[PDB]
S.K.: 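This structure is in structure tokens; I'll ask about it shortly.
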There are 2 protein chains.
Amino acid sequence: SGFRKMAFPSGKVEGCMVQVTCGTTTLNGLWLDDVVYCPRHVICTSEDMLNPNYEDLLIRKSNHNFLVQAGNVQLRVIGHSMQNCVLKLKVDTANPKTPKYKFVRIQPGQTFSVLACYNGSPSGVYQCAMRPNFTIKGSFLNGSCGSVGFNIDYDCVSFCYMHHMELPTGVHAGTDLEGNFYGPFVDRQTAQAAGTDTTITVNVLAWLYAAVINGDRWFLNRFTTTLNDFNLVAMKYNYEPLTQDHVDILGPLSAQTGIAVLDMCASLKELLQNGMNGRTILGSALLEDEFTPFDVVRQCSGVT
Amino acid sequence: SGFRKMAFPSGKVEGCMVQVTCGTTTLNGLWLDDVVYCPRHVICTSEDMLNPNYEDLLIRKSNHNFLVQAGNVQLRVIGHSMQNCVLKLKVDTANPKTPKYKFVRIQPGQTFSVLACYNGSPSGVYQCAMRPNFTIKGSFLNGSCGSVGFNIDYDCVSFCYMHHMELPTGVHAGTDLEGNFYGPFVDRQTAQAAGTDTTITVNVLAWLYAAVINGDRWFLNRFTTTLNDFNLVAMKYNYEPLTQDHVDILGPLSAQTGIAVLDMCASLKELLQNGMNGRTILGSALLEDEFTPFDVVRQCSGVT
Ligand SMILES: *CCC(=O)N(c1ccc([C@H](C)OC)cc1)[C@@H](C(=O)Nc1ccc(OC)cc1C)c1cccnc1
Ligand SMILES: *CCC(=O)N(c1ccc([C@H](C)OC)cc1)[C@@H](C(=O)Nc1ccc(OC)cc1C)c1cccnc1
């Protein structure tokens, strides 16, 4: 029993964090095999962040300008390239701690763990979600760029995110490990507003199933709804539309608890229309949307 | 910017998790040097959990009855002893991954990370706090016993908790690494009610400072209070009394934000008396009490 905002164990990812310096800028890099991945803005002069032309800036850099440090030992940079908004620094040594890995680009609503790092050293780990506006509500300070977001299936680390920047609204933007940003964000110091932060409906539904499994049942009502009816209510409350795919994905939780997905939607619809009335669900006073149906099943069954 | 419920990186602790089996019971153990620490209830027959006499049960066990497995390899048990409610299984091999460590007994209000494990394998990591009633609101299922709670100062892991049991109210009880339980809990299947779960006032104050640092300032008011006045209000709302030590501990946050501790107490007093009025603080609709002043400073400054 009990439901915590749980992150994957970070050990496998800790073994990949290195420090990357270019000139006087220092950020984190991800060392997998003989390649160090880092944000390309490491090459920017701190007084040309408004309008950088990365291809031009990169002409002034050589392999020897990128200082890669794993722990207290220096790695030899034998090659460098720019792929979208990341730099790939080929080193002369394969990381002896490289776990089994994949690079995956996630969809909004999907969750992941972030290992926040400063100067190649991990300082903390927490759970995140790719928001429907392609931002992440992370916890990052200056020098956290290059920290990665990941998921783990048994022994395989699926790298999904690398931190690049903070939007003026205190939210975060970054790329997948191929250097492509999530959403419309660009690695430049410019006016970039985030879009509407809608609630991830399927995740709220999953967390209501987690609450039922763990004993919190006061919100279970006598009503049901249809996908179209619920979606009208969800639209009004800036919730993501619920699709038949989400219903199918919620199937195992519906089966375990005996509560039909559409009955839980009606329970959610009443919580939206009436509020919590001073009550709590899994120790929270708001509807939690950063647990996917997969995370709920994993946590509630103990997938290691 | 951004404030997440952050846990310490778990890698150092992952390298210590082993599987411990006695008869047909399987739980987790902590392997530090040539010793494996686990809850003593591993020796209980699943049909003598109501009234166990551990000294008597232990007479029927030998070194060869405790099966310790690190990964897929078996460790040789050359000795076994009972210290309070933990068993110390001396093995013939020192753990090659043993980090720098200490065993510390924490006070209520103190926070720590938990690496939830099943069959010696870590499945997740999350942040916890020792509640003022000596329970922890963890996330543990059957077979999670032996999972540990810890803090890390640079390279030193301070082990503070080992999970032993779930109280009927879905909350959790466990020991420090010397086998002494936090609170009045006993390792037996009996009627054990938790006490009042009061709110950790100093931690709420610290998290209000974290909110001010990160931009959420709507709750800052024009009032101040005294320690005695605030404590009357705190008493009414089942909040821990605020002492002068807590004020001193909040000193660095008070200095960084320019908000005197007693002014923040008056801000808290108004939040208690009036509620959030539908508003949020750091993405939360309730007053968060599981961030110590130390955790706020660490997170806000980036201590790795
Ligand atoms: C790793 C460097 C860093 O911390 N930041 C950063 C990132 C990118 C640049 C520019 C875009 O590339 C040359 C500079 C610095 C922080 C950051 O993104 N800062 C920032 C905040 C707000 C605005 O508004 C226009 C612009 C910028 C660049 C950063 C701080 C905290 C957390 N994550 C990143
Ligand atoms: C590791 C074993 C386990 O999961 N549990 C457990 C722990 C201790 C015993 C007894 C006390 O010692 C022989 C048996 C099992 C779970 C647990 O504590 N179960 C439990 C729940 C409620 C009550 O009410 C009286 C009693 C017991 C024993 C456990 C489940 C989930 C999380 N953590 C522990």
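Per chain, numbering begins at 1; letters A, B, ... match sequence-line order. Keep in mind that the numbers below use all heavy atoms, side chains included, and drop hydrogens, waters and symmetry copies. We count ligands from 1, going down the list as the structure has it; atoms in each ligand are counted the same way.
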S.K.: Please determine whether side chain to side chain contact (heavy atoms under 4.5 Å, CB included) holds for the pair A:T190 and A:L50, giving the CA-CA distance in whole Å, both sets of side-chain angles, and the decisive distance to 0.1 Å.
M.R.: CA-CA 6 Å; A:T190 192; A:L50 287 96; over 6 Å; no

S.K.: The test is side chain to side chain contact (heavy atoms under 4.5 Å, CB included); show your working for B:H163 and B:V114 and say whether it passes.
M.R.: CA-CA 9 Å; B:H163 188 48; B:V114 172; over 6 Å; no

S.K.: Could you name the protein residues that come within less than 4.0 Å of ligand 1, counting only heavy atoms, and order them by chain and residue number?
M.R.: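 Only A:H41, A:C44, A:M49, A:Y54, A:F140, A:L141, A:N142, A:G143, A:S144, A:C145, A:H163, A:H164, A:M165, A:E166, A:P168, A:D187, A:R188, A:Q189, A:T190 have heavy atoms that fall under 4.0 Å of ligand 1, ordered by chain and number.
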
S.K.: So, for A:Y118 and A:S139, which heavy atoms are closest and what is the spacing to 0.1 Å?
M.R.: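 Shortest heavy-atom contact: OH-O, 4.3 Å.
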
S.K.: Would you indicate whether the side-chain heavy atoms of B:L30 and B:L177 approach each other to under 4.5 Å?
M.R.: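 When only atoms from C-beta onward are counted, B:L30 and B:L177 do touch, with a gap below 4.5 Å.
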
S.K.: Is the NZ or CZ atom of A:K5 positioned over B:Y126's six-membered ring, under 6.0 angstrom from the centre and within 45° of the axis?
M.R.: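 Not flagged: A:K5 not positioned over aromatic ring of B:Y126.
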
S.K.: Look at the side chain of A:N119 and the backbone N and O of A:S121, then say whether any donor-acceptor pair between them is shorter than 3.5 Å.
M.R.: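 No, A:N119 side chain to A:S121 backbone: no donor-acceptor pair under 3.5 Å.
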
